[PDB]
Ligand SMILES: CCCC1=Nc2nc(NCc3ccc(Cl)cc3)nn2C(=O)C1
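Taking the form deposited without this ligand, here's one chain by itself in structure tokens.
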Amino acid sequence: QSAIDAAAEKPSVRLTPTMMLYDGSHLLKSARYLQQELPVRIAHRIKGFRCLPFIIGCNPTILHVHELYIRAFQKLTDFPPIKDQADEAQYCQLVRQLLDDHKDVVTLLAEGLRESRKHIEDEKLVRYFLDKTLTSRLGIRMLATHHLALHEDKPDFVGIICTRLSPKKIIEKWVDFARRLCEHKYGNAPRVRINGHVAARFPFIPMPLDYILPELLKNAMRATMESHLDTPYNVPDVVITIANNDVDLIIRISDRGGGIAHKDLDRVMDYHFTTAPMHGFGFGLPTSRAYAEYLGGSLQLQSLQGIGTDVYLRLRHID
């Protein structure tokens, strides 16, 4: 479509998490902003699918995701200008439907690429496509969820921004989730100890942490159980340190799971790479790093082969 070609050239206007902390006229300004911003971001994704190597773009699962993005651009651009609160309520129902229609895009992309990637000349190309597609999708989802959340009245929240986020509380929520998955598979899970700036509270968007934290915790718990198959009733603790400063929030997850082997170290950050249904599909580590870098931070690993691994998640503060 020619409409897609016009918007794929338009530059995306990035919204700062600080800018987001800005009658009902504010919901209209937000919906109108979204209606200008979303089609441009969708069009840049469509350009990405059009630029995929022919043999990969031809995959029926990859074609399905490409078609979904075209459909999202069509539905968003065909929506009439939002003049009043009634149009704004209709818009919310469309954004909510598109949020659900695209809930499994990461799963579908992994399936489509799984076999087709093995037929290409550039290994770096698929990593670039996934880093760009998944981080842009995360940005689209945060914008969409923020607008819908501006209608709710949660205490300590302005849309998706938590004004008093406690890292200890959000880590504990995901430790409980990971211990349950771990206990279901092994009958036992490593005890998690949290130290450092346990009392820290500050404005923050939980959404990225809601993806990254269960991933890293599942990895630390699985490694601990797999390295202690001979004593599953006596496994070492996972230790989490919170460090909070004016520049960034640092979360260190240290495990005693044997470390990442020297042979595997240069492949752990590749998509699809896994040494394994509790783990995933080899997307946890590369996706979490792309998300952290997209949000002005980083994801770094330090392997102590024979002992364990320290993972450092760094996320920039809201200004």
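By rigid core we mean the largest C-alpha set that fits within 1.5 Å across both forms. Each residue number is its position in the shown sequence, starting from 1.
Query raised in the report: Is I56 left out in a third or more of the other entries?
Result: In none of the comparable entries (those modelling both sides of it) is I56 left without coordinates.
**Report entry** Other entries omitting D23, at least a third
**Finding:** Yes, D23 lacks coordinates in at least a third of the other compared entries that model both of its neighbours.
Query raised in the report: Would you class the number of unmodelled deposited residues between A276 and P277 as none, 1 to 3, 4 to 9, or 10 or more?
Result: Gap size class: 10 or more residues without coordinates, per the record.
Query - 112-120 or 148-156, whichever carries the higher mean Cα B-factor - result: Taking the mean C-alpha B-factor of 148-156 and of 112-120, the larger value falls to 112-120.
Query raised in the report: Comparing 121-129 with 174-182, which has the greater mean CA B-factor as deposited?
Result: On average, C-alpha B-factors are higher across 121-129.
Query raised in the report: Among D84, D237, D248, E215, which residue carries the highest C-alpha B-factor recorded in the PDB entry?
Result: Each of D84, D237, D248, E215 was compared by C-alpha B-factor; the highest is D84.
Report task. Sorting the chain's modelled residues by C-alpha B-factor, tell me whether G259 ends up in the lowest, middle or highest third. Result -> Within its chain, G259 is a lowest-third residue by C-alpha B-factor, going by the deposited values.
Query raised in the report: Going by the entry, which third of its chain does the Cα temperature factor of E293 land in?
Result: Answer is lowest: the recorded C-alpha B-factor places it there.
**Report entry** Ranked against its chain, the third holding the CA B-factor of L265
**Finding:** Within its chain, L265 is a highest-third residue by C-alpha B-factor, going by the deposited values.
Report task. Using the B-factor values recorded in the entry, state whether the Cα atom of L28 falls in the lowest, middle or highest third among the modelled residues of its chain. Result -> Highest third of the chain for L28's C-alpha B-factor.
Query raised in the report: When the modelled residues of the chain are sorted by Cα temperature factor, does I253 land in the lowest, middle or highest third?
Result: Lowest third - that is where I253 ends up once the chain's C-alpha B-factors are sorted.
The same protein has a further form, the form solved in complex with this ligand, not shown here; the description that follows concerns it.
Query raised in the report: Open or blocked: this ligand, posed as in the deposited bound form, superposed onto this form via site C-alphas, with 3 or more ligand atoms within 2.4 Å of backbone or C-beta counting as blocked?
Result: Output flag = blocked.
Query raised in the report: Just one of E215, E111, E88, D131 has a heavy atom within 4.5 angstroms of this ligand in the deposited bound form, so which one?
Result: Only one option qualifies, and that one is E215.
Requested in this report: Quick one: from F177, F79, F157, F202, grab the residue that has a heavy atom within 4.5 Å of this ligand in the deposited bound form.
Outcome: When this ligand is considered in the deposited bound form, the option within 4.5 Å is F177.
Requested in this report: Tell me, yes or no, whether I240 is in contact with this ligand in the deposited bound form, where a contact means a heavy atom of each within 4.5 Å.
Outcome: Outside the cut-off, so no.
Query raised in the report: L209 near this ligand in the deposited bound form, any heavy atom under 4.5 Å?
Result: No.
**Report entry** Contact of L165 with this ligand in the deposited bound form (heavy atom, 4.5 Å)
**Finding:** Although this ligand is absent here, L165 would stay clear of it in the deposited bound form, with no heavy atoms inside 4.5 Å.
Query - Partner contact for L181 in the deposited bound form: this ligand, 4.5 angstroms, heavy atom - result: Contact with this ligand, yes.
Query raised in the report: Residues in which of 149-157, 112-120, 79-87, 182-190 have heavy atoms within 4.5 Å of this ligand in the deposited bound form?
Result: Going by heavy atoms within 4.5 Å, the stretch is 182-190.
Query raised in the report: Hey, which residues along 131-149 are within 4.5 angstroms of this ligand in the deposited bound form, non-hydrogen atoms only?
Result: The stretch does not touch the partner at all.
Query - Mobile residue between the shown form and the other one, C-alpha criterion 2 Å or more, rigid core, from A89, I120, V158, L94 - result: Once the cores are aligned, the residue moving by 2 Å or more is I120.
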